[PDB]
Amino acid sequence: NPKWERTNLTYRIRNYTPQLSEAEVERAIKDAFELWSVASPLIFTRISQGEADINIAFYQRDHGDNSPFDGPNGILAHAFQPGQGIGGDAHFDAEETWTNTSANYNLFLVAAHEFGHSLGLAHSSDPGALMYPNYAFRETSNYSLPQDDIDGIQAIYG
């Protein structure tokens, strides 16, 4: 159950996807980070360049970590548990159709899921939990973290 020992973590988006605009990738990521923040003592800070705790990046197939992606659909993305270097980072499959809508796949919802993994959360068995193993769309505007998930970060940190 490793968790971060620091509450203010930094993050960095190393690249984007031609699908959405640049300000649509950041907003998606920005908000995905807020969800966990309003349910924990964690504060996330963004940085343009430099070393950051959670590295965000879009990759295809082999991207140097023994966990290749698989092209359209299937494995939408993945993240690492709290730790150094790679620990905490999140990588998204670049061969996916990233949208802002209800269309597969909503970047916000997926990011919100991986970030749960970076902070130390595991999968849930509640079909309504954000941390549920499989994807599912849910209204994103005015979207808030599911109680099971709230019990999640709350159980690790505070």
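Note that residue numbering begins at 1 and tracks the sequence as displayed.
The stretch 83-91 shows the higher mean C-alpha B-factor when 69-77 is compared against 83-91 in the entry. The stretch 42-50 shows the higher mean C-alpha B-factor when 123-131 is compared against 42-50 in the entry. You'll see in the entry that, of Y11, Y143, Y16, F137, the Cα B factor peaks at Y143. Among the modelled residues of its chain, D31 has a C-alpha B-factor that falls in the lowest third according to the deposited record. Compared with the other modelled residues of the chain, the Cα B-factor recorded for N100 ranks in the middle third.
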